[PDB]
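Spelled out, the chains give:
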Amino acid sequence: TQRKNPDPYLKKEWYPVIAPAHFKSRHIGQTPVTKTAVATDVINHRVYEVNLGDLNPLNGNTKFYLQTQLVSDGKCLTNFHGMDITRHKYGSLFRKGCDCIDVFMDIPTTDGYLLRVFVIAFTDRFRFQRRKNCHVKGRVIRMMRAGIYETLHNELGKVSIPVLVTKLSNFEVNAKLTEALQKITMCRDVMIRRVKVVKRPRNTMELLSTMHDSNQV
Amino acid sequence: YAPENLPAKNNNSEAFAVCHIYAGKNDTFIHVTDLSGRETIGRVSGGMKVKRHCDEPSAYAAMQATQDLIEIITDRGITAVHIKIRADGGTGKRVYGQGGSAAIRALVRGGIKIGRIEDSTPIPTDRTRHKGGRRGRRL
Amino acid sequence: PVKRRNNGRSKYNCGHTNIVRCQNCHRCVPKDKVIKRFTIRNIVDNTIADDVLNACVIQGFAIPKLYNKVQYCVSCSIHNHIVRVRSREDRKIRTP
RNA sequence: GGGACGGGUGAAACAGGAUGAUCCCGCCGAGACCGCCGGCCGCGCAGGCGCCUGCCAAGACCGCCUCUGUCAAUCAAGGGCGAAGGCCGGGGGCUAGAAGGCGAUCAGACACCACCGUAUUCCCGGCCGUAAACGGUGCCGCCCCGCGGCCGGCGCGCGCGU
Ligand SMILES: CC[C@H]1CN2CCc3cc(OC)c(OC)cc3[C@@H]2C[C@@H]1C[C@H]1NCCc2cc(OC)c(OC)cc21
Ligand SMILES: [Mg+2]
Ligand SMILES: [Mg+2]
Ligand SMILES: [Mg+2]
Ligand SMILES: [Mg+2]
Ligand SMILES: [Mg+2]
Ligand SMILES: [Zn+2]
């Protein structure tokens, strides 16, 4: 019943993959495909996981998701599609005796993208506290949730995809979160767990052209 | 192979792929894909290199399969890989088998450069009921 | 007679507690009676860490860990030497 | 996409595979569930209670030179609630899984182990009214060696620290 078949890799060719301008390194790699008999459409939509540190040679525990939207000059162009953290960091985040807060909210954009962002916070220990457990009461918790929502709305209420990607590459949103919260109590780790794209417009050409070859833009 | 049938050579970077390891309690899989998982360059399993069913997850078969994979992928022009080490998961053991370390070493000494490493075991925030009943495997 | 003051569990100021499943036999156990141990370990064991670092390309790359919680039933903990059967006087010691 | 085994066990064998399986990625559908934090923490008359957001009523405690003036304790009969399983009538139909079937093991094995799988497990309305329903210790009330931990509220002192 078994049959031999010709080697597939005698009819293959590679294509390069490029990232937006926000990052110093933009060559993601190469992708093989099978000869048209059409390569352009089949490789039109593919998602590549990229570690942030490799994009910007702190940055070793975050990775982005990038999807191709256009193939031109035999090279593929990509834009933002999602951001997440590594699993080992998340596992490390947890410690007994502390309280955990996870919040998610939906945020629209000027471009029509709608995003859901996940935020995680933990409490810490006071410097000269007699007790060893670092739990807190309820009013404190509701205050922290309200502060998270308010700060996220203010610093991301209105934004564009390039601005959002620049902010994620930096950590100013996390910095604002921690400074807003720290005025309440001792928080331990505060940051963004991940970002998802809920719905996007069908056609994204001006945005790719903006994201790619932005240079000074 | 013709030059077009291989990754383009450029000194700026090196031909980077991704390797998926399935370190189960009954079998081991070593799988190579591009940056995305939509294609495949080399797929091998420990059940090809042994005749005894219980030895399929044994590390020796893992090493043999791994070096065969190294030969094929080096023929196809791939030198550096990323590691995605995975267990069965899904209301299961959640601990690796004994073929994983063998695969890692065999890649390392096969002249294969190493990049990043992450855990890819499927884990839930919930749980469907697992088999065995409320008394468990009584043996 | 009564063997332990705690009745073999940690149940205070309650009537019922949520349940879990043993990781090796999949038995159902109350959460306050199951035996728990937290472990932290390297994905690559310690003998090949140097080779992994030499073969790695990133500078300063840190080896990621594994964070897991293991839960075992009474029968399986004993069979795997997780706990020992102790003497009558030594049952009252509570240090690790 | 790729090309030969995969599954499972102490070891195996039944079921899956050139109709391309296992493996990688993406998308779609439905229904369950609420993890690591999670505890000699807590809430509730008990049985029991853990996703986001919002709504409705309730409750013990603490603090008080606020009101009434014995209005209380316990209880046959009577009334209400009451785990899981089970039943009646409608919905829904993914996991697991009584019954049933099949492969091993055995002297035998219709059991323990492997696999397939019906009722059931989920929702609504209504019956049943039982548990190692255990702190195997009835409710109200007074005195009582000493040390220590945690939870909530209040007050005091200072060099202002949870
Ligand atoms: C008399 C029935 C037992 C003997 N058989 C067949 C032979 C055999 C061989 C094994 O490897 C040496 C083995 O693994 C321990 C099991 C068996 C079975 C097992 C039968 C008994 C069974 N129930 C009681 C005790 C027991 C203990 C076991 O050790 C965990 C076991 O392995 C799963 C099976 C059993
Ligand atoms: Mg036994
Ligand atoms: Mg006895
Ligand atoms: Mg009880
Ligand atoms: Mg019922
Ligand atoms: Mg009684
Ligand atoms: Zn177990």
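Residues numbered from 1 in each chain as written, not as in the entry; some residues may be left out. Chains lettered and ligands numbered in written order. Part of a larger assembly, values for the part shown. Heavy atoms only, no water.

As recorded by the PDB entry, chain C carries the name 40S ribosomal protein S26 and is attributed to Giardia intestinalis assemblage A. In the PDB, the entry goes by the title "40S ribosomal subunit of the 80S Giardia intestinalis assemblage A ribosome with Emetine bound in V2 conformation with mRNA and three tRNAs". What UniProt states about chain C under its Sequence similarities (unreviewed entry) heading is, verbatim, "Belongs to the eukaryotic ribosomal protein eS26 family." (UniProt positions renumbered as here; feature names shortened; annotations may be inferred.)

Per the PDB entry, the recorded name for chain A is 40S ribosomal protein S3a, and the organism is Giardia intestinalis assemblage A. In the Subcellular location part of its UniProt record, chain A is described as follows: "Cytoplasm".

Engineer: An account of the interface of chain A and chain C is requested, with residue identities and associated values reported.
Structural biologist: At the junction of the two partners, chain A supplies 4 residues and chain C supplies 4 residues. The largest contributions to the chain A side of the interface with chain C come from A:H88, A:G91 and A:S92, which together make up 82% of the buried area. On inspection of chain A and its partner chain C, the count reaches 0 salt bridges. Joining chain A to chain C, the criterion identifies 0 residue pairs in polar contact. Residue contributions to the side of chain A that touches chain C peak at 3 residues, all from helix α3 (residues 87-92) of chain A. Here the side of chain A that touches chain C is built from residues that sort into no nonpolar, 3 polar and 1 charged. (Contact = heavy atoms within 4.5 Å. Buried area = accessible area lost by both parts, 1.4 Å probe. Salt bridge = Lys/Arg side-chain N within 4 Å of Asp/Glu carboxyl O. Polar contact = N/O pair within 3.5 Å; in protein donor to acceptor, adjacent residues only side chain to side chain. Helix = DSSP H or I, 4+ residues; strand = E, 2+ residues; numbered from the N terminus. Nonpolar A, V, L, I, M, F, W, Y, C, P; charged D, E, K, R; others polar.)

Engineer: Give a description of the protein's contact with RNA strand D that names residues and reports values.
Structural biologist: If you check the shell around RNA strand D, you find 64 residues, and the closest are A:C98, A:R127, B:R38, B:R43 and B:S45. A breakdown of the atoms of RNA strand D within 4 Å of the protein gives sugar and phosphate a share of 62%. Contact between RNA strand D and A:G97: a phosphate oxygen at 3.2 Å from a main-chain N or O atom of the residue. Contact between RNA strand D and B:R43: a base nitrogen at 2.7 Å from a side-chain N or O atom of the residue. Taken together, the elements giving at least two residues each to the surface near RNA strand D come down to β6 (100-108) of chain A together with β2 (28-33) and β3 (42-45) of chain B. Grouping the constituent residues of the surface near RNA strand D by class yields 16 nonpolar, 22 polar and 26 charged. (Near = heavy atom within 4 Å.)

Engineer: Which residues make up the UniProt feature "binding site: Zn(2+) 1" (unreviewed entry) in chain C, and what values go with them?
Structural biologist: Residue and element names in this part refer to chain C. Per the UniProt record, the feature "binding site: Zn(2+) 1" (unreviewed entry) sits at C22. As for its placement among the helices and strands, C22 is situated in the loop between β1 (19-21) and β2 (28-30). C22 sits in the buried class, given a relative accessible area of 1%. Apart from residues no more than four positions distant in its own chain, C22 is found in contact with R27, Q71, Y72, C73 and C76. (Buried < 20%, exposed > 50% of the residue type's maximum accessible area, 1.4 Å probe, protein only.)

Engineer: Hey, could you go over the packing of helix α4 (residues 138-156) of chain A against helix α6 (residues 172-182) of chain A for me, with residue numbers and the actual values?
Structural biologist: Residues and elements named next belong to chain A. Packing of α4 against α6 leaves a shortest axis separation of 10 Å and a crossing angle of 145°. The handedness of the crossing between α4 and α6 comes out as right-handed. Together, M144, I148, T151, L152, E155 and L156 of α4 and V173, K176, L177, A180 and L181 of α6 make up the contact between the two elements. Taken together, the residues of the contact of α4 with α6 break down into 8 nonpolar, 1 polar and 2 charged. (Axes fitted to C-alpha atoms, helices over the stretch in contact; angles between N-to-C directions. Left-handed = near helix turned anticlockwise from the far one by under 90°.)

Engineer: How would you summarise the environment of B:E4 if you had to cite specific residues and measurements?
Structural biologist: With respect to the element layout, B:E4 can be found in the segment before β1 (16-23). Classification of B:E4 by relative accessible area gives exposed; the value is 55%. Sequence-distant contacts of B:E4, defined by excluding residues within four places in its chain, comprise A:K12, A:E13 and A:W14.

Engineer: How would you explain the interface of chain B and chain A if you had to name every residue and give the values?
Structural biologist: Listed per partner, the contact involves 25 residues of chain B and 22 residues of chain A. Interface area, chain B with chain A, both sides summed: about 2,000 Å², of which 47% is carbon and sulfur. Our count for the contact surface shared by chain B and chain A stands at 10 residue pairs in polar contact. The element that contributes the greatest number of residues to the side of chain B that touches chain A is strand β5 (residues 113-119) of chain B, accounting for 4 residues. Looking at the side of chain B that touches chain A residue by residue, the class counts come to 8 nonpolar, 8 polar and 9 charged.

Engineer: Hey, could you go over the packing of aromatic side chains for me, with residue numbers and the actual values?
Structural biologist: All names here are of chain A. For the structure on display, the rule yields 6 aromatic pairs over all chains. Between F23 and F64, the ring centres sit 6.1 Å apart and the planes meet at 65°, which makes this aromatic pair edge-to-face. With a centroid separation of 5.6 Å and 70° between ring planes, the pair formed by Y90 and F94 is classed as edge-to-face. For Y90, a relative accessible area of 35% gives the class partly exposed. Between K12 and the ring centre of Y9, over which it is positioned, the NZ or CZ distance is 5.6 Å. For the cation-ring pair, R127 lies above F128, with the distance from its terminal atom to the ring centre recorded as 6.0 Å. (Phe/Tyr/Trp six-rings, centres within 6.5 Å; stacked < 30°, edge-to-face > 60°. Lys NZ or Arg CZ within 6 Å of the ring centre and 35° of its normal.)

Engineer: Just give me the short version of the coordination of the zinc ion (ligand 7), but keep the residues and values in it.
Structural biologist: All names here are of chain C. Distances from the zinc ion (ligand 7) to its protein donors, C22 (SG), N24 (N) and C25 (N), fall at 2.1 to 2.4 Å. Each donor residue of the zinc ion (ligand 7) lies on the same chain, and together they follow the pattern C-x1-N-C. Judged by relative accessible area, which is 44%, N24 ranks as partly exposed. (Donors = N, O, S within 2.8 Å, 3.2 Å for Na, K, Ca; no water.)

Engineer: Tell me what's going on with a positive patch on the surface, and back it up with residues and numbers.
Structural biologist: A cluster of like positive charges, contributed by A:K96, A:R125, A:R130, A:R131, A:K132, A:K137, A:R139, A:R142, C:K31, C:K36 and C:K69, occupies part of the molecular surface. Here C:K31 lies in the loop between β2 and β3 (35-42). (Patch = residues over 30% accessible without salt bridge, like charges linked within 9 Å, V, L, I, M, F, W, Y side chains within 5 Å. Areas by Shrake-Rupley, 256 points an atom, 1.4 Å probe, with all protein chains shown as cover. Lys, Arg positive; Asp, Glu negative; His and termini not counted. Charge placed at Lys NZ, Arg CZ, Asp CG, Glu CD.)

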